[PDB]
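What follows is a short report on a single structure.
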């Protein structure tokens, strides 16, 4: 209201405006790196998936256990990335419980565990933090997939949810299944195949679990790093739209104080 | 002075940590003992109009919450708890409040004597 | 008049069998009943000095004993149950201790409502 | 305004001096983070081994006094 109140609020939206400009150029140079490193990791991600499409495989009638793998980051400021995958995980668990299956979920990010800490605190298996600061690599896809086996939880189907992006502007939260069990991978479409036993298929079906996580980790760090570019851009337009409206009110009030304290001197001298 | 000195210091640690409106970390054992005690201590300080309480009745309300006898109740019912507890002390326990007034201080014989009546009330008030 | 006509008669049947109670367990189940019900009604009528009661409150206490809601208890737990039944019905049911003080007669619309107070207090008492 | 010496320019430390929404969101985030660091630095400060020995004894002394009581009780009874 007063002149001391207008100036202090005006300076504070200069610093918020300058910082969101600096945090736009930082998270855009992290975006161009994650676009180049995706194309070698795309065909290697496509090729490891490519065996299951050339086979009619589906989890047929009913299986007793389940896994949902929630893939997100350990960072905020990215708009509706984390809210979409938290919306898709609650839709599937409420649908599979109609069939009486026991479901255990695992989150590879902080902000998946922090959202679901209230409703589903007893259906967690493990949680993996410190994800998204440095770029993801294949060794971290092997650390996660190793500890999914040697936990004590022997499961038989599952699925993974992540954000495969279409462009700079529009992404999409998607769904992909994980045939982890050897015997559901023992169907009519494998009897045509060669001398693979239940020991060779045991080693092979494990390795495709580490190739679906590395596929999931590369698309989701591009979906997140592009939404940090947009959501830090509208936070500098709205802070510069607000910074002109307080500049006019600062200038009306600056003139009105020179006018007001000029009248007090004139009225003090005239009455004397 | 023996009951409000540890009430002021439990509010001062509440204002510093409860300015978020956007929580991302669940510190359920760490600070939610501190951040959900000061909610009860604040609603203990509300009052109506033209109703000045006596000084010894004021101690029997603050002592009921600073030592932690209200930490189980719902936050919507703390004002309903007090106007039922205000009746139970002024009618059946008059000679207790005659000791807090006339001495001017609360003592160790009176401290454990005051500890039982709030526990018999809370075991009977809830439905 | 309504409750004491069942009470004066049943404390009179206890006086004829009051000799058998000293050395008795090999008696009939009817005689072992009059030794049971008659010693609960004797425990109701105890009363501390300088504590007069309102009339419709005494119609609450005597309604518990003579109707059958005290046989499953221990005789040193009768003089505790009465004091805990009264403090629950003064505070949380004050609107029904003025519907006897005005109407005078226990209607069936009140005879069916005190059945849902004593049995819904006899559950959550023994603790 | 700012592209001249005359106009108003903002300095360092102007979000906290305003005291608004972002000025209160910053004070409760420096406190809710450095509250957990008073937990991990105090729980690991109890892992001094010399204190545990001292505590291996205070307890011992306490127990020996209880034994002394019992021994006196026996002496009496005998």
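Here Swiss-Prot sets the residue numbers for chain C, with the shown residues being 427-553 in order.
Placed from the backbone N, Cα and C atoms, the Cβ positions cover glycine too.
Listed features, source Swiss-Prot:
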{"type": "MOD_RES", "residues": "C:427", "note": "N6-acetyllysine"}
{"type": "MOD_RES", "residues": "C:427", "note": "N6-succinyllysine"}
{"type": "MOD_RES", "residues": "C:434", "note": "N6-acetyllysine"}
{"type": "MOD_RES", "residues": "C:498", "note": "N6-acetyllysine"}
{"type": "MOD_RES", "residues": "C:498", "note": "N6-succinyllysine"}
{"type": "MOD_RES", "residues": "C:506", "note": "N6-succinyllysine"}
{"type": "MOD_RES", "residues": "C:506", "note": "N6-acetyllysine"}
{"type": "MOD_RES", "residues": "C:531", "note": "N6-acetyllysine"}
{"type": "MOD_RES", "residues": "C:531", "note": "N6-succinyllysine"}
{"type": "MOD_RES", "residues": "C:539", "note": "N6-succinyllysine"}
{"type": "MOD_RES", "residues": "C:539", "note": "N6-acetyllysine"}
{"type": "MOD_RES", "residues": "C:541", "note": "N6-acetyllysine"}
- line: Most isolated by CB count within 10 A, of the modified residues C:427, C:506, C:531, C:541, is C:427
- line: Expressed in Å to no decimal places, the gap between the Cα atoms of residue C:427 (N6-acetyllysine) and residue C:498 (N6-acetyllysine) is 26
- prompt: If you measure from the Cα of residue C:506 (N6-succinyllysine), which of the modified residues C:434, C:498, C:531, C:539, C:541 is the nearest?
  reply: C:498
- prompt: Taking Cα atoms as reference points, which of the modified residues C:434, C:498, C:531 is nearest to residue C:539 (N6-succinyllysine)?
  reply: C:531
Field: Using Cα positions only, nearest of the modified residues to residue C:434 (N6-acetyllysine) (C:498, C:531, C:541)
entry: C:531
Field: Other CB atoms, at most 10 A from the CB of residue C:539 (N6-succinyllysine)
entry: 14
- request: Reduce the DSSP letter at residue C:506 (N6-succinyllysine) to three states and note it down.
  value: helix
Message: Validating a neighbour-count step here. Other CB atoms within 10 A of the CB of residue C:498 (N6-acetyllysine): how many?
response: 8
- line: Within 10 A of the CB of residue C:434 (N6-acetyllysine), the number of other CB atoms across every chain shown is 10
Residue pair residue C:498 (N6-acetyllysine), residue C:541 (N6-acetyllysine) - Cα distance, angstrom, rounded: 16
Field: residue C:531 (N6-acetyllysine) versus residue C:541 (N6-acetyllysine) - Cα distance in angstrom
entry: 16
